[PDB]
Amino acid sequence: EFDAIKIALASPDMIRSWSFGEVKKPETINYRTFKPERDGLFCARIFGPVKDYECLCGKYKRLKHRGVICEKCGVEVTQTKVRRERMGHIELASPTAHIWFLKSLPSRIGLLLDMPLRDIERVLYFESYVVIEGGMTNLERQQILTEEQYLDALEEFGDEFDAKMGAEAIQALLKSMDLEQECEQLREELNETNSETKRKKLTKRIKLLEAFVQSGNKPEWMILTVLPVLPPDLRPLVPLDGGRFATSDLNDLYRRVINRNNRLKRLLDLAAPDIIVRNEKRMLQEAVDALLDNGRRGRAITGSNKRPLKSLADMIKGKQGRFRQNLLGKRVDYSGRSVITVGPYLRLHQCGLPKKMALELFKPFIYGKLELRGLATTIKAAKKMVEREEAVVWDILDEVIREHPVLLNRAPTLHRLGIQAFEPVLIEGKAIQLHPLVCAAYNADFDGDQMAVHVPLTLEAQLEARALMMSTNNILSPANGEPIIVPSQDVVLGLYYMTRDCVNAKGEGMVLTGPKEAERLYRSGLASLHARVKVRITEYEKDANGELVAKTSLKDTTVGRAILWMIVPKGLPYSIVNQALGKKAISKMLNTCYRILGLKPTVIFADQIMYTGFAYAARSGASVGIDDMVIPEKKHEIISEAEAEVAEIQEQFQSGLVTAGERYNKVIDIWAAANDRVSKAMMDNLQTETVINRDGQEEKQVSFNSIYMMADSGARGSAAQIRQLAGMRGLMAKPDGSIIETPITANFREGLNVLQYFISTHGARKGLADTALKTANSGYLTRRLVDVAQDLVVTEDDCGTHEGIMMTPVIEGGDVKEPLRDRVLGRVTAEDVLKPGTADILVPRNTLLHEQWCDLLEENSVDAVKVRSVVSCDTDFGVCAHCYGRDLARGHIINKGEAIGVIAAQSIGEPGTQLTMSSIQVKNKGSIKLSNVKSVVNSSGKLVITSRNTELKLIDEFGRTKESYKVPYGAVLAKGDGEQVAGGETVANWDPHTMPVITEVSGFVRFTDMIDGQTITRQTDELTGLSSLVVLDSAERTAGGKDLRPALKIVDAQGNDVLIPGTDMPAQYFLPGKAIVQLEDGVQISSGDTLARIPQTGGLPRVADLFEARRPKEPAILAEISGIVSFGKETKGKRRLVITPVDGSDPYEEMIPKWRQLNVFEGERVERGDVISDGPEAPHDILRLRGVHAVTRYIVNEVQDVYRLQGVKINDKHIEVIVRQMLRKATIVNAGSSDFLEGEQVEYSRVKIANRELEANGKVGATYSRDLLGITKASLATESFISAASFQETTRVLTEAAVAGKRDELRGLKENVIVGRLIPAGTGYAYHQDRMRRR
Amino acid sequence: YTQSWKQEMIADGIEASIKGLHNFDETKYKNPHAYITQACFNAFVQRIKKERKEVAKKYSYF
Amino acid sequence: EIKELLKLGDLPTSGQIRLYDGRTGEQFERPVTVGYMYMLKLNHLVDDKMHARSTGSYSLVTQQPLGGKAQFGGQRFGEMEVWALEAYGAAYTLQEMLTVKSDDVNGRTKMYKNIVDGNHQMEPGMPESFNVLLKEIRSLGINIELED
Amino acid sequence: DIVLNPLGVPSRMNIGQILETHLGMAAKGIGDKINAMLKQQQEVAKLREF
Amino acid sequence: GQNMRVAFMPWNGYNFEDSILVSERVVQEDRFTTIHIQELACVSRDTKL
DNA sequence: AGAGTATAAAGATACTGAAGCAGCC
DNA sequence: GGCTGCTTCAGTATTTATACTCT
Ligand SMILES: [Mg+2]
Ligand SMILES: [Zn+2]
Ligand SMILES: [Zn+2]
């Protein structure tokens, strides 16, 4: 139907044209007849008839009198539906201001009148004047006048010159401001402008002025003179939704306004002292303000209970405006709610549905079928029939249910798998049955959780629920392709007790001619379940061209595995069973089944697994007694020795032999030691209590203690829990975060006495509060996430590019953190990859890397691959399929249209509630590599490296890196490059407690420029004695030698500056303060002794701030460009540093705080992006200097780091797409042959297509720089206003859009929902393609 | 009771006293303090009546 | 003392005894634990929870179905549910879950008729709370409207 | 009467509910030791002693 | 509440996550039944007419 | 609906951001 | 005069005691 929404400002004439008549009187209802007043807030004559086709007199009642108007009241006879949409309007006497346009921060008035806001505020509230038309006197067009000054200047100059105060003054001011001339003058002044500050102010002002002059607006329209009033049935006198009655408080406000307005008019018939007329105008302004947007002015007014009444604007802000309460999430019909239960007899694609509820929900369908079969005539007949629940309605019901899916949902819908479809079966109860495998997607326990049931209606919704959201289509968590149908905790215990092996059991050693024989032997009780036996089996396989060849053999298994093998489908290896089948084992079994066979066999086999596991878990009889918690009989010995040892340390400290912190840490360490000792003893005792004979003497195997079986199987628990059950339970924390000395030397099988229970209580309550506030924060985080992306739809197939990231396995320095197989598992590579046989490709350039190529590259020892990505995709308004990769929910490329942004947001946000709140001793064997090396062989035979970009990369024998390590400026390598190394021995070690500054030449040194009193100090070493004259810092020196810093021009025994080898500039360095030169002067130097000595969160908040791109506290300064360094004027507020190129002009002469410890000295030569200081990083600089891939790899790395310590597993595509949406604004610097301006931001796609269009011809495009915006900022600073208005602070975004007069074609999702259309995501994508292609 | 009524009462009383100062006897009764007090008092109580009855209207409709 | 008391009876000091199945009568290996525990009953009785709704009472300001069980109220189809139902390509169910089944007044009446008449189909229209939002902004000095 | 689940214990480390369950049975054991002693008649001195 | 005889063991999954399985010597002996008392009131007001 | 009226001094969030504003080399 | 560190503010997670006399 309709195109884009358009918004603008409202001229008074428009308000008049909307209205139907001027509201005039402040009263509402006759109080006895409940009829509207004559011209009150509700008069039928303005809006319409209170009831249908009537008047208050009672002369028209029916359609006989349709259309004509009454006589006395004259109200037009029509429907009542029109009383819902007809506006009115107050006519104000004294004009009034629009509090949005004045306290919006900024003030679309305050920056157009150029005056600080206090002045316009004091003028509007009648406390000073303003000089309109300063004229032929000493008064200025924007000058304010205190009443004294006004009186005086009237004495001297009571001439025609104008001077007023109040809204009409500002009105005339705005009325008297030409715009084109003002704009030209500001263009000129900005061209002449020199400072940056005033430049920014002027450009903001010129942007706003251009915004006005272009759109059809006018400044005085900010000042209200005619106020439109809200139709009555949108704020009825009392809303009356049963129960309590509400107020609909708008009425109140409106009344007051009219009231005061009326009063004002009457004073214009009394000619009052203008002080009183002024006070009344002030009151009127205040009232209109409090009506439009209360609280924005100083104090909000409260009706009663001190609760500030809800102004008009507060019907749009907050969690409760139309946006976050009634346009996005609304309540729905045809729905129900209940508690949930199990029913482990269900298949996977069905759920229970109590008969009562099902009868209530499908009612209209039932009426339809009845009136079709003719079992009734009128609707009420059918209703009574249904009401008497006659025996015919049940067959009709279980008929209509047949294939009518329902949608089940849980309360916090974290990720995509919190709402799923089913086909219900009727149940005699009041609770919902739920398949026990699906209670993981829902994260639904059975402590009394509740669920909601919805019912699709049309054909399309049924087809979609059946083909998309069915429970048998979603087995792969779209975050990471791991299966989500893992049998959780009882099926695991069953399957683990089944497939095991007792040492010597009944019916062992026989030989069986198939599985069925083993089954029979079990049921018959002749042979135990886990007893070693040799049975024939057959295995099919699909090694052929999708064909299964069979092959049989005589394997050695136990009875249980034989029985189980009957379940496994056709094409699996029997080795998948022979093991003892923990939990991860069977998850991998399901995964292999999926990869090899398909989908339907996978779900079938999972169902059968569930059946069998439950069955044999029951058959087990696996209770948990009190003797399943065994205590090592030496626990008291460990504890006795620990407590006897601690007393020695205690008396040692008390007798004055050590400090208290040392004693404390020592006690902590001995307690940690005793704890780990006793935990080890207990676990090893419990795991093999088996001592059992086998036709011989005895033997041991993995025990059968039920607690152990629950632990190792992965059924329920970790060894920490068992440690707390049997051994002592750790040391508990303190409110602060410290740790108490004595730990809790008891467990949950002995009795914690009082104090220990107290301390544990502390810790527990801390945890609980953490959980509450953690859900709180994570909700907000995921909201911001889904809002910033919210619109990325895969709208291509190949963006046509050859870029990407060099995906490489991550290594933290020791162990590897992730093999390359995962990082590129299912992601289209950019260019063909070469074997380590260079010029021998291994896979083509543009192929989708599924598991085959993964293993292929795995064995060939491939190291890194340039893979495509989304950050560098080449699409306008969307991303191409190939740049994305694989759907991660289906084993194939992502289709064209899926809304990847939302799934990415949800995947990154869901786990949020699970978060919290030297030398190189290489251990492996392989080749060594160095990186960014400059070094020298020392006087002690070794090679010391003397750079800061240095890094070791330890390769294996093959050519893939396995270790990496950082070596600072001046670390003595034990070995050179290329040499193998063993485990245990170091390769380099330096002094961290100083700064080795050895020179890299041969020559001599002196005590030159080192003079006491002004530059240095005499210092006799207080530990060895040799004269070690330190230079005190220039701030601690005298004022004369503060800038006069000492230097040691390095020379030889002749005095000639010893050239650095090849360099025409010897090491003439300004040794800073705290540079002790213990060695004497004039002594020859060799490499191997320094020239001077200078002695020396991770929770969810981290993810938040990394996504918002908060800037750290003490960033690390980078190198804009190459050259050398120099120091100059000391502390013009802060110290100064200048940097020069090797060929270019030096642009960088910047301030640096004194405390900053430099990292690059003077003569050194650096490059763009090199590091100059130390500390946390700032991502904006990373982007602008190192490029785009640098920052994306940065973010990916740190966020995966935070999500990796907590076992969570998130694919990378999602953080990549979040980043891609973060950096979207480009700031131009040079127009080229284009038209854009200098400081204004642009949508990167827009400037890109502008370049594409100019460069279609020979003209030159623009030059820009991209910038990084936090999610909270790029969201608000978007293309549409409805999108941003739906997000936080609707006031500011809305008023700015209104000023500019925006326009919104709703090319998106969160805005095409408000309107309520087919979003362009699923089928809606095709529909929108066609509809847009209409034009 | 409330700042939402009190301001209306004060504005009403001020308009009433301004209108009514038209009739002040100058030759007798040399104190106008009580005069203006009485005027604003009467306007106050009238306003309080009107407001309370409008509230009662809301109830009686409920 | 627990074991001493168990012995004063006659039961096994282990506290676990052998059971049998009732469906098959074949002993459970691995002796299980039976005893006497003091069970309660908490007053979240299911019949207080179970609740459904075909069609009931709408509000006047915005004609969305009411909320709660005291009233014949529908269910809360919040934001997160819309995000999730949007992650699938589910574009029609999301439509009808906020135009016909909730607010579009003409649409939902035509829906009732077409459901009684054995014709599963909908005519979308345009919601009502949206028009409320328009008349509420336009009641400020903000001319907000729609183009062609 | 009721069939609980053992898996609920080892993680949610509430050993009490199991340990209680032992004592409970023991107590009921002394009930059925009187009920039998008392249903079929028996002089009061024996019940006193027991 | 009532003290019952209880056995700790899985049973065909009808006590899967935390569900409970209950015999019919408990729904029959009616030892977990309760009584509920809803009060209703009607009043004779006095309006116009 | 209106209008004349005469003592009186009567309050424990927490965190982040951006413009404003005094001051300095 | 421009540059800079505080500084202030904006943003986010039912139920109200009393004319008088006309006219
Ligand atoms: Mg629960
Ligand atoms: Zn009439
Ligand atoms: Zn692409």
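Described below are features of the structure shown in this document.

### Things to note about the overall build of chain C
- Regarding its fold elements, chain C presents six helices and five strands.
- Mapped in sequence order, the helices and strands of chain C form the string α-β-β-α-β-β-α-α-α-α-β.
- A compact globule built from 148 residues would reach a C-alpha radius of gyration of about 15 Å, whereas chain C, at 30 Å, exceeds it by more than 25%.
- Expressed as lengths along the three principal axes of its C-alpha atoms, the size of chain C is roughly 90 × 40 × 30 Å.
- The buried share of chain C, taken over its 148 residues, is 51%.
- Long-range contacts, defined here as pairs at least 24 residues apart, represent 23% of the contacts in chain C between residues at least 6 apart.
- For chain C, the exposed surface amounts to about 6700 Å²; the carbon and sulfur share of it is 53%.
- Between the averaged position of the 16 positive side-chain charges in chain C and that of its 21 negative side-chain charges there is a distance of 7 Å.

### Brief notes about the packing of helix 32 (residues 1179-1186) of chain A against helix 33 (residues 1188-1202) of chain A
Residues and elements named next belong to chain A.
- Interaxial distance between helix 32 and helix 33 falls to 6 Å at its minimum, and their mutual angle equals 145°. Residues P1179, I1182, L1183 and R1186 of helix 32 touch helix 33, and the partners they reach there are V1188, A1190, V1191 and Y1194.
- Its residues placed into classes, the contact of helix 32 with helix 33 shows seven nonpolar, no polar and one charged.

### A short note on the side chain of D21 of chain C
All names here are of chain C.
- The topology assignment puts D21 in the loop between strand 1 (16-17) and strand 2 (32-39).
- For the buried residue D21, which engages in no salt bridge, the nearest side chain bearing the opposite charge is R23, 4.1 Å off.
- A distance of 2.4 Å separates a polar atom in the side chain of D21 from the backbone nitrogen of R23.
- Polar side-chain contacts of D21 include one of 2.7 Å to the side chain of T24.

### Concerning the pattern of salt bridges
- With the rule as written, the count across this model stands at 63 salt bridges over all chains.
- Among the ionic pairs, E220 of chain A bridges to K218 of chain A, the shortest N-O distance being 2.3 Å.
- Looking at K218 of chain A, the relative accessible area reads 34%, which means it is partly exposed.
- Shared partners join several salt bridges into a network, and the residues in it are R260, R263, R266, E280 and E286 of chain A together with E8 and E15 of chain B.

### Description of the interface of chain D and chain E
- Across the contact, 10 residues belong to chain D and 16 residues belong to chain E.
- Summed over both sides, the interface of chain D with chain E buries roughly 1400 Å², with 59% coming from carbon and sulfur.
- For chain D, the biggest contributors to the area lost against chain E are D1, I2 and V3 of chain D; these three give 49% of the whole.
- Summed over the shared surface of chain D and chain E, the result is one salt bridge.
- Here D18 of chain E makes a salt bridge to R12 of chain D, at a shortest N to O gap of 3.6 Å.
- On inspection of chain D and its partner chain E, the count reaches 10 residue pairs in polar contact.
- Of all the elements in the fold, those that place two or more residues in the side of chain D that touches chain E are strand 1 (2-4) and helix 2 (16-39) of chain D.

### What to know about the sheet that holds strand 13 (residues 511-512) of chain A
Residue and element names in this part refer to chain A.
- Across the sheet, which stays open at both edges, the three strands sit in the order 13-14-15 with mixed pairing between neighbours. If you trace the sheet from one side to the other, it starts and ends with strand 13 and strand 15 (549-558), each paired once.
- Across two bridges, strand 13 lies against strand 14 (residues 532-541) in parallel orientation. Note on strand 14: the bridge partner recorded for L512 is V535.

### Some words on the protein's contact with DNA strand F
- Surveying the vicinity of DNA strand F reveals 18 residues, the closest of which are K1273 of chain A together with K28, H33, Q38 and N42 of chain B.
- Atoms of DNA strand F within 4 Å of the protein: sugar and phosphate make up 45%, bases the balance.
- Contact distances for DNA strand F include 3.4 Å between a base oxygen and a side-chain N or O atom of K1132 of chain A.
- The side chain of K28 of chain B places a nitrogen or oxygen atom 2.9 Å from a base nitrogen of DNA strand F.
- At seven residues, helix 2 (residues 33-61) of chain B tops the list of elements feeding residues into the surface near DNA strand F.
- Counted by class, the surface near DNA strand F contains six nonpolar, six polar and six charged residues.

### A short note on the sheet that holds strand 5 (residues 142-146) of chain C
- Reading across the sheet, the three strands line up as 38(A)-1(A)-5(C) and stay open at both edges, with antiparallel pairing between neighbours. Edge strands, defined here as strands with exactly one partner in the open sheet, are strand 38 (1303-1304) of chain A together with strand 5 of chain C.
- Where strand 1 (residues 5-9) of chain A lies against strand 38 of chain A, two bridges are found, and the strand directions are antiparallel. Across the sheet, the residue bridging to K6 of chain A is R1303 of chain A, located in strand 38 of chain A.
- Here helix 38 (residues 1290-1300) of chain A sits on the sheet and contacts strand 1 of chain A together with strand 5 of chain C; the angle it forms with strand 1 of chain A, its principal contact strand, is near 80°.

### Describing the protein's contact with DNA strand G
- Of all residues adjacent to DNA strand G, which total 25 residues, the nearest are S304, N305, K1134 and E1289 of chain A together with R52 of chain B.
- When atoms of DNA strand G within 4 Å of the protein are split into backbone and base, the sugar-phosphate part holds 51%.
- Tallying contributions element by element places helix 2 of chain B first for the surface near DNA strand G, with seven residues.
- The residue makeup of the surface near DNA strand G, split by class, is seven nonpolar, nine polar and nine charged.

### Here we look at the interface of chain C and chain A
- At the interface, 88 residues of chain C touch 116 residues of chain A.
- Interface area for chain C against chain A, summed over the two sides, is near 9800 Å², with a carbon-plus-sulfur share of 60%.
- In this assembly, chain C and chain A are joined by seven salt bridges.
- A salt bridge links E26 of chain C to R619 of chain A; the nearest nitrogen and oxygen atoms lie 2.8 Å apart.
- The interface formed by chain C and chain A holds 40 residue pairs in polar contact in total.
- The leading source of residues in the side of chain C that touches chain A is helix 3 (residues 79-87) of chain C, at nine residues.
- Taken together, the residues of the side of chain C that touches chain A sort by class into 41 nonpolar, 26 polar and 21 charged.

What counts, and where the lines are drawn
- Residues numbered from 1 in each chain as written, not as in the entry; some residues may be left out.
- Chains lettered and ligands numbered in written order.
- Part of a larger assembly, values for the part shown.
- Heavy atoms only, no water.
- Helix = DSSP H or I, 4+ residues; strand = E, 2+ residues; numbered from the N terminus.
- Rg over C-alpha atoms; globule rule 2.2 N^0.38 Å.
- Buried < 20%, exposed > 50% of the residue type's maximum accessible area, 1.4 Å probe, protein only.
- Contact = heavy atoms within 4.5 Å.
- Areas by Shrake-Rupley, 256 points an atom, 1.4 Å probe, with all protein chains shown as cover.
- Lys, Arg positive; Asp, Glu negative; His and termini not counted.
- Charge placed at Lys NZ, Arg CZ, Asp CG, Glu CD.
- Axes fitted to C-alpha atoms, helices over the stretch in contact; angles between N-to-C directions.
- Nonpolar A, V, L, I, M, F, W, Y, C, P; charged D, E, K, R; others polar.
- Salt bridge = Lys/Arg side-chain N within 4 Å of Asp/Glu carboxyl O.
- Polar contact = N/O pair within 3.5 Å; in protein donor to acceptor, adjacent residues only side chain to side chain.
- Buried area = accessible area lost by both parts, 1.4 Å probe.
- Pairing = 2+ DSSP bridges.
- Near = heavy atom within 4 Å.

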